[PDB]
Every structure is written in C-alpha cells, then in structure tokens.
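What follows is calculated from the coordinates using simple rules that are stated; it is not laboratory data. In this analysis, Cβ positions are derived from the backbone assuming ideal geometry, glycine residues included, and neighbour counts consider all displayed protein chains.
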Amino acid sequence: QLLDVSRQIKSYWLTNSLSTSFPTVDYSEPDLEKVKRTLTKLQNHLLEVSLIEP
Amino acid sequence: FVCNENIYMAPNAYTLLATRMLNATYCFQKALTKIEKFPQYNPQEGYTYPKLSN
C-alpha cells in the first residue's frame, strides 16, 4: 500500500505542467529562396513575364 | 453409557471445540498455504497471475 501511495505521490510531483515548450529539433533553418523559386517559377512556368517594369 | 456392544467415556465439550477451532484455523492457514503469493504485487501491474495460457 505504501508502494501504491508512493507511486501516487510520484504522479503528483510529475503531473505538473512543463514550464514552456521544450527543445526538440530546430536544426538547419530552411532556405527562404528555394521556396521562392518553387513558388514563383513553378507558378511562372510557361509564362511570358516582362520582368517588373517601372 | 451403553453404546450397544460398546460403552464409552463421555468426551469434554472443550475437546471437540478445540478440534473445531484447530481444524478451522487450519483451514485458514491452509488457505494461506498452497494458494498464497500467486497474485504477485506490483505498484503498476498490480497482482499478477502467471500461466502457460491464461
């Protein structure tokens, strides 16, 4: 029974919320520009773009 | 007393009573014998009941 209550108290110590979001994998930031090339060019595919013009 | 082709001393009540007490508590202890400690305790799993097949 003491093992029971002990496990209980374990749960009570551990049922507390995590202080924040916690680290995992944020490694290697994605390219901003290959994304833009996919977006634009694959959407610009087969188009007669005249650059930007004034 | 004439038990018919037998005659007997009259038993103490306490004798048979002790027989009852002893045999009963013996049934208790025997219930504790070849039965106990099969439900093995766990804080997590709780009591366990091993089998070749449950």
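For the reader, a short list of remarks on this structure follows.
- Some residue of segment B:1-17 being in a loop (DSSP other than H, G, I, E, B) and surrounded by 10 or more Cβ atoms within 10 Å (Cβ to Cβ): no
- Test: residue A:3 is assigned to a helix (DSSP H, G or I) and over 30 Å from residue B:45 (Cβ atoms): no
- Verdict on residue B:41 being surrounded by 10 or more Cβ atoms within 10 Å (Cβ to Cβ) and either within 14 Å of chain A (Cβ to nearest Cβ) or touching a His at 6+ places or on another chain (Cβ under 9 Å) (or both): yes
- Test for residue A:38: is it more than 30 Å from residue B:40 (Cβ to Cβ), under 34 Å from the mean Cα position of the chain (by Cα), more than 14 Å from chain B (Cβ to nearest Cβ) and not in a loop (DSSP other than H, G, I, E, B): yes
- Taking the criterion of being of a type outside the set (A, V, I, L, M) and surrounded by 10 or more Cβ atoms within 10 Å (Cβ to Cβ), the residues of segment A:32-54 that qualify are A:36, A:37, A:38, A:40, A:41, A:44.
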